[PDB]
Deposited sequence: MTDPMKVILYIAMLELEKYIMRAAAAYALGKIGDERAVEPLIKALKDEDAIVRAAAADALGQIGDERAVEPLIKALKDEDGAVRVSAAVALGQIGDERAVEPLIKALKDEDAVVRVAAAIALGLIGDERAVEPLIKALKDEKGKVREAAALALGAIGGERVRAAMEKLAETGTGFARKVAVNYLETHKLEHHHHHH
């Protein structure tokens, strides 16, 4: 089975009645990385089942096609926290600067998992506009949100991060990391 065959087959399987088969298809298309799946998966972002929407968003992140930026920014407002997580991470992996301001807003999402996801996505994008919000997130009441904000700050780097550089131990290791 050539990869073109797989893509056509798994794209067609996005219309199967079982939500599990649709999510497995969306995940498969993500692994292959063929851009023929982008618009179909963008449509899958409106699937009735949240599991399908999360899989489609996660797959679009793998493919890394900028066409999915605006739909995934719309997906950031999904009712299901799992979907907002995948949308956030998928936007980080895509790396398009357009996702920064919607992600900064996601950084105050009520769901701490979404906040964690929002923190990491900003680190992947690397836009310096995320430094200040990420430092405020180092004060988050949820420990895992803080850890995510620290890792994201390290991923950005840059002179501005060096300037700004729990929070004490992060910068110390960051500064020692920076010198090394």
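When the deposited sequence is numbered from 1, the segments without any C-alpha atom are 166-174, 190-196.
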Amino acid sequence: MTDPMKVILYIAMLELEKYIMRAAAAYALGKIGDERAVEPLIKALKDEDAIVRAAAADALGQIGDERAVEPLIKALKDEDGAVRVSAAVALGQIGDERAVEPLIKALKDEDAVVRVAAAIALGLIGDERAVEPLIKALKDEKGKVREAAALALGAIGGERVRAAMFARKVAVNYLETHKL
From here on, numbers count along this sequence of modelled residues.
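The mean C-alpha temperature factor is higher for 150-158 when 150-158 and 34-42 are set side by side. Relative to its counterpart among 111-119 and 127-135, 127-135 has the higher mean temperature factor, C-alpha atoms as listed in the PDB entry. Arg84: CA B factor in the lowest third of modelled residues in this chain (values from the PDB entry). Among all modelled residues in its chain, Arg67 ranks in the middle third by Cα B-factor. Among the modelled residues of its chain, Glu141 has a C-alpha B-factor that falls in the middle third according to the deposited record. Among all modelled residues in this chain, the alpha-carbon of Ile104 has a temperature factor (C-alpha) in the middle third. Sort the modelled residues of the chain by CA B factor and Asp49 lands in the middle third.
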